[PDB]
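Structure data (mmCIF, C-alpha atoms) from upload_23.cif:
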```
data_query
#
loop_
_atom_site.label_atom_id
_atom_site.label_comp_id
_atom_site.auth_asym_id
_atom_site.auth_seq_id
_atom_site.Cartn_x
_atom_site.Cartn_y
_atom_site.Cartn_z
CA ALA A 773 20.12 -37.15 -66.88
CA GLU A 774 22.27 -38.54 -65.76
CA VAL A 775 23.29 -35.74 -63.38
CA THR A 776 26.94 -34.85 -62.87
CA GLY A 777 28.86 -32.02 -61.33
CA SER A 778 31.65 -30.84 -59.07
CA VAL A 779 32.35 -28.56 -56.16
CA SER A 780 34.52 -25.45 -56.19
CA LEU A 781 36.81 -24.48 -53.32
CA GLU A 782 38.65 -21.13 -53.17
CA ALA A 783 41.14 -20.14 -50.47
CA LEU A 784 44.40 -18.21 -50.04
CA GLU A 785 47.48 -20.45 -50.34
CA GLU A 786 49.00 -19.47 -46.99
CA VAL A 787 47.72 -18.23 -43.66
CA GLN A 788 49.39 -17.56 -40.27
CA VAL A 789 48.50 -18.89 -36.82
CA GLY A 790 45.94 -16.69 -35.07
CA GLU A 791 44.35 -15.69 -38.38
CA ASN A 792 40.99 -16.67 -39.72
CA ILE A 793 40.73 -17.97 -43.30
CA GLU A 794 37.58 -17.87 -45.43
CA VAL A 795 36.94 -21.01 -47.42
CA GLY A 796 34.59 -20.19 -50.30
CA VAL A 797 32.63 -23.18 -51.58
CA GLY A 798 30.43 -23.30 -54.67
CA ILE A 799 29.42 -25.45 -57.63
CA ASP A 800 32.15 -25.66 -60.28
CA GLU A 801 29.91 -27.57 -62.71
CA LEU A 802 26.45 -29.15 -62.87
CA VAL A 803 24.98 -31.07 -65.81
CA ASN A 804 21.32 -32.06 -66.45
CA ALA A 805 19.96 -30.57 -63.21
CA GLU A 806 19.25 -27.27 -61.47
CA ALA A 807 20.35 -26.90 -57.82
CA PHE A 808 17.91 -25.34 -55.45
CA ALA A 809 19.74 -26.77 -52.47
CA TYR A 810 23.35 -27.85 -52.02
CA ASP A 811 24.79 -29.83 -49.17
CA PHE A 812 28.46 -30.46 -48.61
CA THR A 813 30.95 -31.43 -45.93
CA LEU A 814 34.15 -29.45 -45.40
CA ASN A 815 37.01 -31.52 -44.01
CA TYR A 816 40.16 -30.05 -42.36
CA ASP A 817 42.95 -31.03 -39.97
CA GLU A 818 41.57 -30.20 -36.53
CA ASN A 819 45.16 -29.81 -35.20
CA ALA A 820 45.83 -27.24 -37.91
CA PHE A 821 42.47 -25.45 -38.05
CA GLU A 822 39.41 -24.74 -35.87
CA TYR A 823 35.90 -24.02 -37.16
CA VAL A 824 34.55 -20.51 -36.48
CA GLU A 825 31.38 -19.85 -38.51
CA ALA A 826 29.73 -19.99 -41.93
CA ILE A 827 28.86 -16.86 -43.89
CA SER A 828 26.73 -16.19 -46.98
CA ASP A 829 25.02 -13.41 -48.98
CA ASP A 830 21.38 -12.28 -48.84
CA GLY A 831 19.73 -14.70 -51.24
CA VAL A 832 21.37 -17.82 -49.83
CA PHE A 833 20.35 -19.47 -46.61
CA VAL A 834 23.13 -21.46 -44.86
CA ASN A 835 22.71 -24.02 -42.12
CA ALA A 836 26.26 -24.89 -41.06
CA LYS A 837 26.98 -27.33 -38.23
CA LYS A 838 30.11 -29.05 -36.94
CA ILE A 839 29.78 -32.88 -37.20
CA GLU A 840 32.97 -33.21 -35.12
CA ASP A 841 36.26 -31.28 -35.03
CA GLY A 842 37.62 -31.60 -38.58
CA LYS A 843 34.19 -31.85 -40.29
CA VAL A 844 31.48 -29.20 -40.83
CA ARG A 845 28.15 -30.02 -42.53
CA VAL A 846 26.88 -27.13 -44.66
CA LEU A 847 23.33 -26.94 -46.02
CA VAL A 848 22.89 -24.20 -48.64
CA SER A 849 19.44 -23.07 -49.96
CA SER A 850 18.39 -20.54 -52.52
CA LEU A 851 15.98 -17.90 -51.11
CA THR A 852 15.50 -16.08 -54.43
CA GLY A 853 12.94 -18.39 -56.06
CA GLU A 854 15.75 -19.32 -58.50
CA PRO A 855 18.41 -22.11 -58.56
CA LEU A 856 21.78 -21.55 -56.92
CA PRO A 857 24.19 -20.17 -59.57
CA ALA A 858 27.25 -22.09 -60.65
CA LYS A 859 30.77 -20.62 -60.92
CA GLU A 860 30.18 -18.49 -57.75
CA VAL A 861 31.13 -18.70 -54.05
CA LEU A 862 27.90 -19.76 -52.33
CA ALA A 863 28.95 -20.21 -48.69
CA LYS A 864 32.11 -19.14 -46.85
CA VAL A 865 33.35 -21.39 -44.02
CA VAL A 866 35.63 -19.42 -41.72
CA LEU A 867 38.46 -21.37 -40.05
CA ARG A 868 40.95 -20.23 -37.43
CA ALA A 869 44.56 -21.19 -38.12
CA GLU A 870 45.86 -23.00 -35.03
CA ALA A 871 49.31 -24.35 -35.75
CA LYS A 872 52.10 -23.94 -38.23
CA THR A 873 51.63 -26.75 -40.79
CA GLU A 874 52.77 -27.34 -44.34
CA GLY A 875 50.34 -28.35 -47.04
CA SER A 876 47.30 -28.82 -44.79
CA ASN A 877 44.48 -30.43 -46.83
CA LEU A 878 41.02 -28.83 -47.23
CA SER A 879 38.48 -31.09 -48.96
CA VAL A 880 34.80 -31.01 -49.75
CA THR A 881 33.13 -34.50 -49.63
CA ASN A 882 29.52 -35.87 -49.43
CA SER A 883 28.45 -33.19 -51.90
CA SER A 884 24.99 -33.21 -53.52
CA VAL A 885 22.37 -30.90 -54.92
CA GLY A 886 18.56 -30.91 -54.60
CA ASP A 887 16.53 -30.12 -57.72
CA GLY A 888 13.06 -28.59 -58.05
CA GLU A 889 11.18 -31.73 -57.01
CA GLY A 890 13.52 -32.43 -54.15
CA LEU A 891 15.41 -35.21 -55.91
CA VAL A 892 19.00 -35.30 -54.66
CA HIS A 893 21.98 -35.76 -57.02
CA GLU A 894 25.52 -36.58 -55.78
CA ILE A 895 28.28 -34.39 -57.23
CA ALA A 896 32.03 -34.83 -57.25
CA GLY A 897 34.21 -33.38 -54.46
CA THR A 898 37.28 -31.14 -54.48
CA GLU A 899 40.42 -30.46 -52.43
CA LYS A 900 43.13 -27.81 -51.99
CA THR A 901 46.21 -27.61 -49.73
CA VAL A 902 47.00 -24.61 -47.53
CA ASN A 903 50.23 -23.62 -45.71
CA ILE A 904 49.91 -22.43 -42.14
CA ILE A 905 52.83 -20.34 -40.89
CA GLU A 906 53.75 -19.06 -37.52
CA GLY A 907 52.54 -15.69 -36.86
CA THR A 908 54.95 -14.74 -34.11
CA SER A 909 54.96 -11.28 -32.46
CA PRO A 910 58.18 -9.32 -32.70
CA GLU A 911 60.72 -9.87 -29.91
CA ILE A 912 60.68 -7.11 -27.28
CA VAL A 913 64.30 -6.17 -26.63
CA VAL A 914 64.92 -3.90 -23.65
CA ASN A 915 67.55 -1.18 -23.74
CA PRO A 916 68.45 2.00 -21.75
CA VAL A 917 67.87 5.59 -22.96
CA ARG A 918 70.88 7.22 -24.60
CA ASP A 919 72.56 10.66 -24.39
CA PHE A 920 71.22 11.23 -20.82
CA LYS A 921 72.40 14.67 -19.65
CA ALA A 922 71.30 17.82 -17.78
CA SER A 923 70.30 20.33 -20.47
CA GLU A 924 69.94 23.01 -17.82
CA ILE A 925 71.17 23.18 -14.22
CA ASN A 926 69.42 26.01 -12.36
CA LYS A 927 69.30 27.00 -8.68
CA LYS A 928 66.01 25.28 -7.83
CA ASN A 929 65.40 23.05 -10.84
CA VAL A 930 67.21 20.83 -13.35
CA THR A 931 66.02 19.75 -16.78
CA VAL A 932 67.33 16.49 -18.19
CA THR A 933 67.11 15.27 -21.75
CA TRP A 934 67.67 11.94 -23.46
CA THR A 935 67.46 10.02 -26.67
CA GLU A 936 65.18 6.92 -27.20
CA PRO A 937 66.64 3.42 -26.64
CA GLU A 938 68.37 1.45 -29.50
CA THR A 939 65.37 -0.89 -29.57
CA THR A 940 61.91 0.61 -29.71
CA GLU A 941 59.66 -2.43 -30.23
CA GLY A 942 57.08 -2.28 -27.50
CA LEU A 943 58.67 0.79 -25.90
CA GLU A 944 55.97 2.54 -23.77
CA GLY A 945 57.57 5.22 -21.60
CA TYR A 946 60.17 6.20 -19.05
CA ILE A 947 60.43 6.22 -15.28
CA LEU A 948 62.31 8.96 -13.52
CA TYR A 949 64.08 8.78 -10.19
CA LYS A 950 65.64 11.31 -7.79
CA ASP A 951 68.12 10.19 -5.06
CA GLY A 952 67.03 6.60 -5.42
CA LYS A 953 63.25 7.09 -5.39
CA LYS A 954 60.69 7.15 -8.29
CA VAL A 955 59.26 10.67 -8.94
CA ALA A 956 57.49 10.28 -12.27
CA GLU A 957 56.39 7.99 -15.06
CA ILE A 958 55.96 9.53 -18.51
CA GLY A 959 55.07 8.61 -22.10
CA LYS A 960 57.55 7.71 -24.85
CA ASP A 961 56.55 11.01 -26.68
CA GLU A 962 58.47 12.88 -23.94
CA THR A 963 62.26 13.60 -24.36
CA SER A 964 62.80 15.90 -21.44
CA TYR A 965 61.87 16.14 -17.77
CA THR A 966 62.35 18.96 -15.26
CA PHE A 967 62.99 18.08 -11.59
CA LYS A 968 61.48 20.96 -9.63
CA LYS A 969 61.59 21.99 -5.89
CA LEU A 970 65.34 21.68 -5.56
CA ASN A 971 67.67 23.35 -3.13
CA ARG A 972 70.41 25.70 -4.27
CA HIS A 973 74.04 24.46 -4.29
CA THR A 974 72.96 20.84 -3.54
CA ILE A 975 74.09 17.43 -4.92
CA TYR A 976 71.41 15.19 -6.42
CA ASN A 977 71.23 11.83 -8.14
CA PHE A 978 68.83 11.56 -11.12
CA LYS A 979 68.09 8.37 -12.99
CA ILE A 980 65.89 7.22 -15.89
CA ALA A 981 64.69 3.81 -17.11
CA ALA A 982 62.77 2.78 -20.23
CA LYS A 983 59.61 0.72 -19.76
CA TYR A 984 58.33 -1.84 -22.24
CA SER A 985 54.85 -3.23 -23.06
CA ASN A 986 55.79 -6.64 -21.61
CA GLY A 987 56.30 -4.86 -18.19
CA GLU A 988 60.12 -5.11 -18.53
CA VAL A 989 62.28 -2.15 -17.44
CA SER A 990 65.74 -1.24 -18.82
CA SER A 991 68.97 -0.60 -16.93
CA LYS A 992 69.01 2.92 -15.45
CA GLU A 993 71.12 5.83 -16.79
CA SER A 994 72.32 8.05 -13.95
CA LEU A 995 73.48 11.67 -13.40
CA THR A 996 75.04 13.09 -10.20
CA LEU A 997 75.26 16.87 -10.14
CA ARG A 998 74.97 19.94 -7.98
CA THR A 999 72.38 22.69 -8.50
CA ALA A 1000 73.50 26.32 -9.28
#
```

In structure tokens, what does this structure look like?
Amino acid sequence: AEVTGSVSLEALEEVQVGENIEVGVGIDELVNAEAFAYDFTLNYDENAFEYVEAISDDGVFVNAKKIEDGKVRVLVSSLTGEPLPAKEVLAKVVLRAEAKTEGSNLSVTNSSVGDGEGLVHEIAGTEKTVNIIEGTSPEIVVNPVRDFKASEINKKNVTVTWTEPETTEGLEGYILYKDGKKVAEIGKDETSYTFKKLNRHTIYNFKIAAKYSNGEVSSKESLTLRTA
């Protein structure tokens, strides 16, 4: 003795809201003692992050508990019959990013190790800052099909074709109408539709709308035409 040391903390420098981040904690350095157990407290901004779980490998046992939002107590124990190794991630504390925030602090405090006879030795803490960014989903922008036309006008049927809308984010399919009533809903993989059971020499109105994953529906494109 006397016993000295310090914690290691590894994380990615940036994370987006809705993501988990894995905070790897270990022992950076330890002098004049071997660590069979290692206790530490992870501190975080509870408005920025939420605790999820703690996660370790086979030969480490981890008791992790939340003290209060912002503070997780982690008890790490070797299960190998050997001391915990230094310069390695020993436990991973998984946090859920909750809010856009710049330079959010992550710190390990109240750190100590237990030696072979169960004597406990305080070791120095560590900190790191992390940037949380918005994660936001892309804007769903609704637009009509294009190039809507009858590719074939027969006596008793009519095939219509079209081109996809200008905006395809969250495009799901198309709805088809004849003389002001819905006749079909189809997938976005379809580019053509045949209206069957028509009367010869007869005027019809045909319309199509594009339908989007948010439940929104585009303006309708319309054809009026008479069968052969």

Item to check | Spatial neighbours of residue 989 of chain A, 10 Å, all atoms listed in the file, chain gap at least 2 places, as a PyMOL selection string | outcome: chain A and resi 914-916+943+945-947+981-987+991-992

Identify, on the basis of only C-alpha atoms, every residue whose closest approach to residue 789 of chain A does not exceed 12 Å; exclude the query and any residue fewer than 5 positions from it along the same chain; express the result as a PDB file with C-alpha atoms, in the frame of the given file.
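This went into result04.pdb:
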```pdb
ATOM      1  CA  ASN A 819      45.160 -29.810 -35.200  1.00  0.00           C
ATOM      2  CA  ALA A 820      45.830 -27.240 -37.910  1.00  0.00           C
ATOM      3  CA  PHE A 821      42.470 -25.450 -38.050  1.00  0.00           C
ATOM      4  CA  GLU A 822      39.410 -24.740 -35.870  1.00  0.00           C
ATOM      5  CA  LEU A 867      38.460 -21.370 -40.050  1.00  0.00           C
ATOM      6  CA  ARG A 868      40.950 -20.230 -37.430  1.00  0.00           C
ATOM      7  CA  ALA A 869      44.560 -21.190 -38.120  1.00  0.00           C
ATOM      8  CA  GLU A 870      45.860 -23.000 -35.030  1.00  0.00           C
ATOM      9  CA  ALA A 871      49.310 -24.350 -35.750  1.00  0.00           C
ATOM     10  CA  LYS A 872      52.100 -23.940 -38.230  1.00  0.00           C
ATOM     11  CA  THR A 873      51.630 -26.750 -40.790  1.00  0.00           C
ATOM     12  CA  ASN A 903      50.230 -23.620 -45.710  1.00  0.00           C
ATOM     13  CA  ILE A 904      49.910 -22.430 -42.140  1.00  0.00           C
ATOM     14  CA  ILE A 905      52.830 -20.340 -40.890  1.00  0.00           C
ATOM     15  CA  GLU A 906      53.750 -19.060 -37.520  1.00  0.00           C
ATOM     16  CA  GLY A 907      52.540 -15.690 -36.860  1.00  0.00           C
ATOM     17  CA  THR A 908      54.950 -14.740 -34.110  1.00  0.00           C
ATOM     18  CA  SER A 909      54.960 -11.280 -32.460  1.00  0.00           C
TER      19      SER A 909
END
```

Next on the checklist: List as a ChimeraX atom specification the protein and nucleic acid residues near segment 846-862 of chain A, meaning an atom at most 9 Å away when all atoms listed in the file are counted, but skip any in the same chain fewer than 3 places from it.
Outcome noted: /A:780-782,796-802,806-814,826-838,865,887-888

Item to check | Pick from A:966, A:993, A:787, A:803 nearest to residue 896 of chain A, counting only C-alpha atoms | outcome: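 Nearest to residue 896 of chain A: A:803.
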
Item to check | Selection result for the PyMOL selection byres ((chain A and resi 817) around 8) on this file, as a list in words | outcome: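 So the PyMOL selection byres ((chain A and resi 817) around 8), applied here, picks out residues 815, 816, 818, 819, 820, 821, 842, 876, 877 and 878 of chain A.
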
Checklist entry - What is the distance, in Å and to one decimal place, between atom CA of residue 864 of chain A and atom CA of residue 845 of chain A? => result 12.4 Å

Checklist entry - Taking into account only C-alpha atoms, which residue in the set A:892, A:938, A:944, A:866 is nearest to residue 961 of chain A? => result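 With only C-alpha atoms as the atom set, the closest residue is A:944.
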
Next on the checklist: Can you measure atom CA of residue 965 of chain A to atom CA of residue 933 of chain A for me? One decimal in Å is fine.
Outcome noted: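 Here the two named atoms are 6.6 Å from each other.
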
Checklist entry - Between A:785, A:891, A:898, A:931, which one has atoms that come closest to residue 874 of chain A, using only C-alpha atoms? => result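 Closest to residue 874 of chain A, using only C-alpha atoms: A:785.
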
Next on the checklist: Here is a test: counting only C-alpha atoms, which residue of A:949, A:934, A:880, A:928 is nearest to residue 1000 of chain A?
Outcome noted: A:928

Item to check | Between atom CA of residue 996 of chain A and atom CA of residue 941 of chain A, distance in Å (one decimal) | outcome: 29.6 Å

Next on the checklist: Assuming the chain letters and numbering stay as they are in my file, what does the PyMOL selection byres ((chain A and resi 922) around 8) actually select? List them as a PyMOL selection string.
Outcome noted: chain A and resi 920-921+923-925+930-933+995

Checklist entry - Counting only C-alpha atoms, which of A:823, A:778, A:956, A:913 gets nearest to residue 793 of chain A? => result A:823

Test item: write segment 789-823 of chain A with N, CA, C and O atoms as a PDB file, in the first residue's frame:
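What ended up in out.pdb:
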```
ATOM      1  N   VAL A 789     -31.777  10.662 -29.906  1.00  0.00           N
ATOM      2  CA  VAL A 789     -32.968  10.321 -29.138  1.00  0.00           C
ATOM      3  C   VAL A 789     -33.616   9.043 -29.662  1.00  0.00           C
ATOM      4  O   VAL A 789     -33.676   8.818 -30.871  1.00  0.00           O
ATOM      5  N   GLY A 790     -34.098   8.210 -28.745  1.00  0.00           N
ATOM      6  CA  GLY A 790     -34.670   6.926 -29.107  1.00  0.00           C
ATOM      7  C   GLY A 790     -33.635   5.819 -29.142  1.00  0.00           C
ATOM      8  O   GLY A 790     -33.977   4.637 -29.135  1.00  0.00           O
ATOM      9  N   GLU A 791     -32.365   6.139 -29.243  1.00  0.00           N
ATOM     10  CA  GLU A 791     -31.332   5.115 -29.195  1.00  0.00           C
ATOM     11  C   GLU A 791     -30.925   4.780 -27.777  1.00  0.00           C
ATOM     12  O   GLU A 791     -30.904   5.622 -26.940  1.00  0.00           O
ATOM     13  N   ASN A 792     -30.584   3.523 -27.569  1.00  0.00           N
ATOM     14  CA  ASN A 792     -29.706   3.121 -26.464  1.00  0.00           C
ATOM     15  C   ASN A 792     -28.205   3.432 -26.690  1.00  0.00           C
ATOM     16  O   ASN A 792     -27.690   3.434 -27.828  1.00  0.00           O
ATOM     17  N   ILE A 793     -27.502   3.706 -25.589  1.00  0.00           N
ATOM     18  CA  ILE A 793     -26.048   3.784 -25.613  1.00  0.00           C
ATOM     19  C   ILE A 793     -25.480   2.884 -24.511  1.00  0.00           C
ATOM     20  O   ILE A 793     -26.089   2.717 -23.457  1.00  0.00           O
ATOM     21  N   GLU A 794     -24.360   2.246 -24.823  1.00  0.00           N
ATOM     22  CA  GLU A 794     -23.718   1.284 -23.928  1.00  0.00           C
ATOM     23  C   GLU A 794     -22.515   1.988 -23.312  1.00  0.00           C
ATOM     24  O   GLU A 794     -21.619   2.453 -24.006  1.00  0.00           O
ATOM     25  N   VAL A 795     -22.553   2.125 -21.991  1.00  0.00           N
ATOM     26  CA  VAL A 795     -21.501   2.780 -21.262  1.00  0.00           C
ATOM     27  C   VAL A 795     -20.631   1.707 -20.569  1.00  0.00           C
ATOM     28  O   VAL A 795     -21.019   1.123 -19.556  1.00  0.00           O
ATOM     29  N   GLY A 796     -19.450   1.496 -21.139  1.00  0.00           N
ATOM     30  CA  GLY A 796     -18.521   0.471 -20.699  1.00  0.00           C
ATOM     31  C   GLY A 796     -17.639   1.015 -19.583  1.00  0.00           C
ATOM     32  O   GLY A 796     -16.893   1.973 -19.755  1.00  0.00           O
ATOM     33  N   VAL A 797     -17.724   0.371 -18.432  1.00  0.00           N
ATOM     34  CA  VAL A 797     -16.939   0.822 -17.271  1.00  0.00           C
ATOM     35  C   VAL A 797     -15.940  -0.250 -16.861  1.00  0.00           C
ATOM     36  O   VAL A 797     -16.267  -1.439 -16.845  1.00  0.00           O
ATOM     37  N   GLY A 798     -14.721   0.175 -16.526  1.00  0.00           N
ATOM     38  CA  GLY A 798     -13.701  -0.773 -16.085  1.00  0.00           C
ATOM     39  C   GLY A 798     -12.745  -0.093 -15.121  1.00  0.00           C
ATOM     40  O   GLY A 798     -13.077   0.929 -14.493  1.00  0.00           O
ATOM     41  N   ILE A 799     -11.574  -0.676 -14.982  1.00  0.00           N
ATOM     42  CA  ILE A 799     -10.560  -0.173 -14.051  1.00  0.00           C
ATOM     43  C   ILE A 799      -9.394   0.259 -14.902  1.00  0.00           C
ATOM     44  O   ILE A 799      -8.756  -0.588 -15.540  1.00  0.00           O
ATOM     45  N   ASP A 800      -9.176   1.577 -14.980  1.00  0.00           N
ATOM     46  CA  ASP A 800      -8.087   2.130 -15.817  1.00  0.00           C
ATOM     47  C   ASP A 800      -6.753   1.690 -15.215  1.00  0.00           C
ATOM     48  O   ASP A 800      -5.891   1.165 -15.923  1.00  0.00           O
ATOM     49  N   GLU A 801      -6.630   1.906 -13.904  1.00  0.00           N
ATOM     50  CA  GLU A 801      -5.402   1.606 -13.161  1.00  0.00           C
ATOM     51  C   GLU A 801      -5.686   1.203 -11.722  1.00  0.00           C
ATOM     52  O   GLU A 801      -6.683   1.611 -11.132  1.00  0.00           O
ATOM     53  N   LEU A 802      -4.819   0.343 -11.186  1.00  0.00           N
ATOM     54  CA  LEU A 802      -4.911  -0.108  -9.797  1.00  0.00           C
ATOM     55  C   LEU A 802      -3.531  -0.487  -9.295  1.00  0.00           C
ATOM     56  O   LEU A 802      -2.855  -1.318  -9.905  1.00  0.00           O
ATOM     57  N   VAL A 803      -3.135   0.125  -8.190  1.00  0.00           N
ATOM     58  CA  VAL A 803      -1.771  -0.010  -7.652  1.00  0.00           C
ATOM     59  C   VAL A 803      -1.813  -0.564  -6.222  1.00  0.00           C
ATOM     60  O   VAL A 803      -2.567  -0.064  -5.374  1.00  0.00           O
ATOM     61  N   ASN A 804      -1.006  -1.601  -5.983  1.00  0.00           N
ATOM     62  CA  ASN A 804      -0.825  -2.241  -4.667  1.00  0.00           C
ATOM     63  C   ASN A 804      -2.048  -3.008  -4.147  1.00  0.00           C
ATOM     64  O   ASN A 804      -2.224  -3.140  -2.933  1.00  0.00           O
ATOM     65  N   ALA A 805      -2.904  -3.452  -5.058  1.00  0.00           N
ATOM     66  CA  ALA A 805      -4.043  -4.286  -4.690  1.00  0.00           C
ATOM     67  C   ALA A 805      -4.552  -5.029  -5.908  1.00  0.00           C
ATOM     68  O   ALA A 805      -4.394  -4.556  -7.044  1.00  0.00           O
ATOM     69  N   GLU A 806      -5.154  -6.194  -5.665  1.00  0.00           N
ATOM     70  CA  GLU A 806      -5.936  -6.922  -6.672  1.00  0.00           C
ATOM     71  C   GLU A 806      -7.417  -6.780  -6.376  1.00  0.00           C
ATOM     72  O   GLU A 806      -7.796  -6.790  -5.216  1.00  0.00           O
ATOM     73  N   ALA A 807      -8.229  -6.632  -7.421  1.00  0.00           N
ATOM     74  CA  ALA A 807      -9.661  -6.350  -7.312  1.00  0.00           C
ATOM     75  C   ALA A 807     -10.464  -7.576  -7.605  1.00  0.00           C
ATOM     76  O   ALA A 807     -10.575  -7.998  -8.766  1.00  0.00           O
ATOM     77  N   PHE A 808     -11.053  -8.151  -6.568  1.00  0.00           N
ATOM     78  CA  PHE A 808     -11.951  -9.264  -6.796  1.00  0.00           C
ATOM     79  C   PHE A 808     -13.364  -8.770  -6.957  1.00  0.00           C
ATOM     80  O   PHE A 808     -14.170  -9.443  -7.567  1.00  0.00           O
ATOM     81  N   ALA A 809     -13.671  -7.611  -6.365  1.00  0.00           N
ATOM     82  CA  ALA A 809     -14.963  -6.983  -6.550  1.00  0.00           C
ATOM     83  C   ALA A 809     -14.742  -5.499  -6.850  1.00  0.00           C
ATOM     84  O   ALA A 809     -13.699  -4.921  -6.526  1.00  0.00           O
ATOM     85  N   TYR A 810     -15.714  -4.887  -7.479  1.00  0.00           N
ATOM     86  CA  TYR A 810     -15.584  -3.497  -7.914  1.00  0.00           C
ATOM     87  C   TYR A 810     -16.958  -2.916  -7.908  1.00  0.00           C
ATOM     88  O   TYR A 810     -17.886  -3.466  -8.535  1.00  0.00           O
ATOM     89  N   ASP A 811     -17.130  -1.857  -7.105  1.00  0.00           N
ATOM     90  CA  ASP A 811     -18.405  -1.176  -7.006  1.00  0.00           C
ATOM     91  C   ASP A 811     -18.216   0.241  -7.508  1.00  0.00           C
ATOM     92  O   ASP A 811     -17.193   0.913  -7.212  1.00  0.00           O
ATOM     93  N   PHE A 812     -19.212   0.718  -8.231  1.00  0.00           N
ATOM     94  CA  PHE A 812     -19.167   2.066  -8.746  1.00  0.00           C
ATOM     95  C   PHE A 812     -20.566   2.587  -8.935  1.00  0.00           C
ATOM     96  O   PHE A 812     -21.525   1.811  -8.936  1.00  0.00           O
ATOM     97  N   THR A 813     -20.679   3.899  -9.033  1.00  0.00           N
ATOM     98  CA  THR A 813     -21.947   4.577  -9.296  1.00  0.00           C
ATOM     99  C   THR A 813     -21.802   5.340 -10.604  1.00  0.00           C
ATOM    100  O   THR A 813     -20.903   6.171 -10.751  1.00  0.00           O
ATOM    101  N   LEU A 814     -22.664   5.016 -11.556  1.00  0.00           N
ATOM    102  CA  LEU A 814     -22.810   5.839 -12.779  1.00  0.00           C
ATOM    103  C   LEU A 814     -23.842   6.937 -12.600  1.00  0.00           C
ATOM    104  O   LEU A 814     -25.000   6.657 -12.201  1.00  0.00           O
ATOM    105  N   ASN A 815     -23.423   8.176 -12.871  1.00  0.00           N
ATOM    106  CA  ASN A 815     -24.265   9.345 -12.815  1.00  0.00           C
ATOM    107  C   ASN A 815     -24.545   9.879 -14.225  1.00  0.00           C
ATOM    108  O   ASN A 815     -23.642   9.926 -15.074  1.00  0.00           O
ATOM    109  N   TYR A 816     -25.788  10.306 -14.447  1.00  0.00           N
ATOM    110  CA  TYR A 816     -26.212  10.862 -15.767  1.00  0.00           C
ATOM    111  C   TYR A 816     -27.368  11.842 -15.544  1.00  0.00           C
ATOM    112  O   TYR A 816     -28.014  11.814 -14.516  1.00  0.00           O
ATOM    113  N   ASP A 817     -27.603  12.719 -16.515  1.00  0.00           N
ATOM    114  CA  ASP A 817     -28.714  13.618 -16.516  1.00  0.00           C
ATOM    115  C   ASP A 817     -29.971  12.805 -16.829  1.00  0.00           C
ATOM    116  O   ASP A 817     -30.140  12.267 -17.951  1.00  0.00           O
ATOM    117  N   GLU A 818     -30.838  12.686 -15.830  1.00  0.00           N
ATOM    118  CA  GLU A 818     -32.100  11.970 -15.994  1.00  0.00           C
ATOM    119  C   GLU A 818     -33.070  12.587 -17.031  1.00  0.00           C
ATOM    120  O   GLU A 818     -33.936  11.888 -17.567  1.00  0.00           O
ATOM    121  N   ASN A 819     -32.904  13.867 -17.338  1.00  0.00           N
ATOM    122  CA  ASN A 819     -33.691  14.510 -18.417  1.00  0.00           C
ATOM    123  C   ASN A 819     -33.153  14.186 -19.797  1.00  0.00           C
ATOM    124  O   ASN A 819     -33.858  14.307 -20.822  1.00  0.00           O
ATOM    125  N   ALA A 820     -31.894  13.756 -19.827  1.00  0.00           N
ATOM    126  CA  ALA A 820     -31.191  13.471 -21.072  1.00  0.00           C
ATOM    127  C   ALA A 820     -31.203  11.997 -21.337  1.00  0.00           C
ATOM    128  O   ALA A 820     -31.328  11.587 -22.478  1.00  0.00           O
ATOM    129  N   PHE A 821     -31.054  11.190 -20.281  1.00  0.00           N
ATOM    130  CA  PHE A 821     -30.933   9.729 -20.398  1.00  0.00           C
ATOM    131  C   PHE A 821     -31.842   8.984 -19.422  1.00  0.00           C
ATOM    132  O   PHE A 821     -32.126   9.475 -18.339  1.00  0.00           O
ATOM    133  N   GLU A 822     -32.258   7.777 -19.796  1.00  0.00           N
ATOM    134  CA  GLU A 822     -32.944   6.870 -18.853  1.00  0.00           C
ATOM    135  C   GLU A 822     -32.176   5.556 -18.741  1.00  0.00           C
ATOM    136  O   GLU A 822     -31.709   5.041 -19.748  1.00  0.00           O
ATOM    137  N   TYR A 823     -32.077   5.010 -17.534  1.00  0.00           N
ATOM    138  CA  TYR A 823     -31.468   3.695 -17.353  1.00  0.00           C
ATOM    139  C   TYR A 823     -32.300   2.583 -17.999  1.00  0.00           C
ATOM    140  O   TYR A 823     -33.534   2.600 -17.926  1.00  0.00           O
TER     141      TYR A 823
END
```
